[PDB]
Amino acid sequence: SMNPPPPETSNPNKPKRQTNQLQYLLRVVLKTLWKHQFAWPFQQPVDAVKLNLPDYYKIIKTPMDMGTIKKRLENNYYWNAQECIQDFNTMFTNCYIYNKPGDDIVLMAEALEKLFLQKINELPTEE
Ligand SMILES: Cc1cnc(Nc2ccc(OCCN3CCCC3)cc2)nc1Nc1ccc(Cl)c(NS(=O)(=O)C(C)(C)C)c1
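Residue numbers are given in PDB author numbering: position 50 of the sequence shown equals residue 91, and the series is strictly consecutive.
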């Protein structure tokens, strides 16, 4: 069971903005999670062939990862902060949907999500 194409990261016809909230999502939120010791399983799409998870992309129909989020932010792909926040939440939820409680990967996601939520709590007001 093969891998799907990754999520879209480029679309010239999509309206997009560079806002102070989206800048915070890159400079604070993404950067903080990316450097974390538990980030690496989330820094690129799940390679379900290499990990031998032939059911992964049958169960996870809206895949997301921080490599995709990083590219979207670096490309100014988003219209607003909530679109990007949704991507992070999809990533975390997908982890909890696919895996067992207490699994290492879940503990890793939980550590990243705690930091995510702390940073989002201080999202600046839109300028
Ligand atoms: C983002 C993400 C979400 N869900 C999972 N689920 C998962 C991964 C592998 C699993 O193996 C099961 C045993 N195999 C299956 C057949 C036999 C062998 C089981 C479940 N993976 C993720 N990314 C990831 C990326 C790189 C790696 Cl190396 C890992 N591996 S890991 O074990 O979870 C680790 C980070 C080392 C704790 C996960």
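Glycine residues also receive a C-beta, built at the ideal position from the N, C-alpha and C atoms.
Does at least one heavy atom of ligand 1 sit under 8 Å from the Cβ of residue i?
i	result
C136	yes
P82	yes
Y98	no
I146	yes
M149	yes
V87	yes
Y118	no
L94	yes
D128	no
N121	no
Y139	yes
Is residue i close to ligand 3? I mean its beta-carbon at under 8 Å from any heavy atom of the ligand.
i	result
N52	Ligand 3 is absent from the structure shown, which contains only ligand 1.
Looking at C-beta atoms only, is the number of pairs between the stretch 118-128 and the stretch 97-110 that lie closer than 8 Å three or more?
As far as the Cβ criterion goes, the stretch 118-128 touches the stretch 97-110, which means the pair count is three or higher.
At least three beta-carbon pairs within less than 8 Å, the stretch 147-165 to the stretch 66-80:
By the Cβ test, the stretch 147-165 is in contact with the stretch 66-80, since at least three Cβ pairs between them sit closer than 8 Å.
Are at least three pairs of beta-carbons, each pair with one atom in the stretch 52-64 and one in the stretch 114-123, less than 8 Å apart?
Under the three-pair Cβ rule at 8 Å, the stretch 52-64 counts as touching the stretch 114-123.
The stretch 62-71 touching the stretch 136-145, judged by at least three CB pairs closer than 8 Å:
At 8 Å Cβ cutoff, the stretches do not touch.
If you scan the stretch 109-163 from start to end, which runs of the alpha helix (DSSP H) of 4 or more residues do you find wholly inside it?
Fully enclosed alpha helix (DSSP H) runs of 4 or longer: 122-139 and 145-161.
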